[PDB]
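Listed next as structure tokens: two forms of one protein chain, kept apart as structure 1 and structure 2.
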Structure 1
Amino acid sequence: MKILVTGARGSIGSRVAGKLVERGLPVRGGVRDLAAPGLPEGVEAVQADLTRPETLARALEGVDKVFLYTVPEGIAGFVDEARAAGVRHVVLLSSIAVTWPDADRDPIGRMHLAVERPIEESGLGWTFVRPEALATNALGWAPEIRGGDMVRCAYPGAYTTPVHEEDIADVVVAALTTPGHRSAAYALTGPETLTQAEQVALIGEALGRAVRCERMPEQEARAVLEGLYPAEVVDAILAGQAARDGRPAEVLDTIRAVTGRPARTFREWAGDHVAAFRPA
């Protein structure tokens, strides 16, 4: 029976879809707009807008399993349609922020908990995949790295443990295709905790040139982030980074435990995405 991959044009969703197609599995790729390009080959395109959960009734026909992105505003509608269609297993792309002690006050933590909890209460089989910082967050430095050798960082000494999107897709695929993952919640990290400055330098090494952070003052960083995210989220980002300033973050072996392969390094990630950081 079919697997519905929501967000099949997304960074993670497209890799989940592609990997399932490589395995011979019938995949429906969920998109908000059927007219647009970017869907991997061999995927049946279906409208599946998680904010308009009446699209889901058609998208879930003949579907046994679902990969789900976190969209809190339509979760009760999703649960209802998944139950009605006979879905047996939902794998959710959540966040490690749900595991920290302030999760239910943190905007990011709350956003993901608002989808985890109704799934937990629904009776559907589930697996939660809970990454720490996405390696792809480094793509926000591309404009500065393309144009010069200095990047401006709010907290150059702040640690995260960035995880490669391919590893996330591999864990999702394991959860969709093998037994033993029911009610599992996998906290995913990369294999090394790294500061912002270290990440920037590793991008430099992949390019063959020395790229450095300079610190920007918090006034300036707050302003930049207030143009990209709501007020509450900027406060959490900066507070999160200040709390990890000079404090190495936890490295978990969860990727290796699930997939049998060590987590991909940020260096490898930078080599994989090197074209994003070269000038036009």
Structure 2
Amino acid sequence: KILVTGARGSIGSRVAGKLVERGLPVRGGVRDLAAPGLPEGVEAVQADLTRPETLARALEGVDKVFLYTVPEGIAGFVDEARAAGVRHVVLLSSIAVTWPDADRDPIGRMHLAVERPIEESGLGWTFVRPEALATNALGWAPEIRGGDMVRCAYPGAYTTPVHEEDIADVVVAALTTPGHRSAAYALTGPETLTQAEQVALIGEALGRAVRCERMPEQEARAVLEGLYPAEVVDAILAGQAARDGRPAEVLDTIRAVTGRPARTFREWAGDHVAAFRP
């Protein structure tokens, strides 16, 4: 049995589906059993890391777990995993842990505080460490739906966005094929792209020009305070200013693990085109 936590999510849903396709018994962690909103063949379970007694029942007879970095409860998970006889944990982490002075960064520190307890536990592990998720572009969907323009603080800020399906394929490979125990994979998409480049690629999927223009930082800060705590807004804008005009690193890891080219953001945009139009 494999437990896929967050089995309703972008990545977890695809992992669980692909595992059922291979004829494997899959448990899917969900918020509510009346739902469950999961692929055919996945057994819905509560796997709430803030209630470790739910974890104990979720892990009964489970061989392997796909885990997403919970903000709370990793020590409780490690305990119950050990006691249940789990042999392999695949963790969705972040490429931030690989950067210099990752302790000095909040995002880096958050992910390190989940990796380290797993690393020190005695459990078999694989870490999957993506850069920016392509799915972050869905945040522009409401704006793109109504306009020919996305306004942002840093149109020139680079990321290397990774398609969720590639992440899911790497996770599935780590769970079902040999050579991934104690491996930590840094995943990027095949191209480093500016925000403005990404917007234009969504325009291409839609078949119409979508521009990306600079807005003053204070305006951008105000709007972002509509979505986030003022502290987090400050950190977002600092990260974007640092990546402004700075191509991010492109890694070959997806191809090296899966044997298939990494999916492009152009491909991503086409796959998700329905989100961007009426």
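Each form is matched to the other, and the largest set of C-alpha atoms that superpose within 1.5 Å is called the rigid core. For residue numbers, the reference is structure 1: its sequence is counted from 1.
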**OP:** After fitting the rigid core, tell me which of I237, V63, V46, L252 has its Cα displaced by at least 2 Å between structure 1 and structure 2.
**Re:** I237
**OP:** Determine whether the C-alpha of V211 shifts by 2 Å or more between structure 1 and structure 2 once the rigid core is superposed.
**Re:** no
Subject >> Rigid-core-superposed Cα shift at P107 between structure 1 and structure 2, Å >> reply: 1.2
Original post:
Once both forms share the same rigid core frame, by what distance in Å has the CA of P37 shifted between structure 1 and structure 2?
Top reply: 4.0
**OP:** Report, in Å with one decimal, the C-alpha displacement of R267 between structure 1 and structure 2 after core superposition.
**Re:** 0.2
